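S.K.:
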Amino acid sequence: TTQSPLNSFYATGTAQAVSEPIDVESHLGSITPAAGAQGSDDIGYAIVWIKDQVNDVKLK
Amino acid sequence: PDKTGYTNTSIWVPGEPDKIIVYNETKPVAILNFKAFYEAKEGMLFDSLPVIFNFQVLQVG
Ligand SMILES: [Ca+2]
Ligand SMILES: [Ca+2]
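Keeping their order, the protein sequence lines are chains a and a'. A prime marks a further copy of an entry chain. Mind the numbering: the first sequence is residues 2 to 61 in the deposited numbering, read in order. Mind the numbering: the second sequence is residues 123 to 183 in the deposited numbering, read in order.
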């Protein structure tokens, strides 16, 4: 009568990667010496947000 | 001005206390005092010629 191939069974899921691993927002400052002067000053900072299940980051 | 030694202190030209340069503020300053030793030429009469000094910065740190 009917001979089934016994293959018509399926299960399906989805995957996505919609975000980059890091986000960088800058809060740097300024360097204001006189002409030819020597000095040092703190510039500011830069926030590096870490995204989903990211544990170690290697940057350049 | 916000320290013990510099409460209400001034800076003035040496030997001339009435010429105050800095008063209760932070202003790095240097004072150069000029003194002349001269021999006028015999018989020369002159009125208003200038004496000119030029300063040239060479290095800064
Ligand atoms: Ca220099
Ligand atoms: Ca991870």
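Note that the Cβ used here is the ideal one computed from N, Cα and C, for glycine as well.
Check the Cβ of residue 182 of chain a' against every Cβ in chain a and list those closer than 9 angstroms, keeping chain order.
M.R.: Ordered by position in chain a, the residues that pass the 9 angstroms Cβ test against residue 182 of chain a' are 35, 36, 37, 38, 39.
S.K.: Leaving out five residues on either side along the sequence, give the residues of the same chain with a beta carbon under 8 angstroms from the beta carbon of residue 32 of chain a.
M.R.: Within the same chain, residue 32 of chain a has close Cβ partners 42, 44.
S.K.: Going by CA-CA distance only, name the one from a/29, a/37, a/50 that's closest to residue 182 of chain a'.
M.R.: Comparing Cα positions, the closest option is a/37.
S.K.: Can you find the residues in the same chain that come closer than 8 angstroms, C-beta to C-beta, to residue 144 of chain a', ignoring five residues on each side of it along the sequence?
M.R.: If we look at residue 144 of chain a' and ignore the five residues flanking it on each side, its Cβ neighbours are 132, 133, 151.
S.K.: May I have all residues whose beta carbon comes closer than 7 angstroms to any heavy atom of ligand 2, sorted in chain order?
M.R.: Going along the chain, the residues that qualify are a/54, a/55, a/56.
S.K.: Comparing C-alpha positions only, which one of a'/171, a'/153, a'/159 sits nearest to residue 135 of chain a'?
M.R.: Among a'/171, a'/153, a'/159, the Cα nearest to that of residue 135 of chain a' belongs to a'/153.
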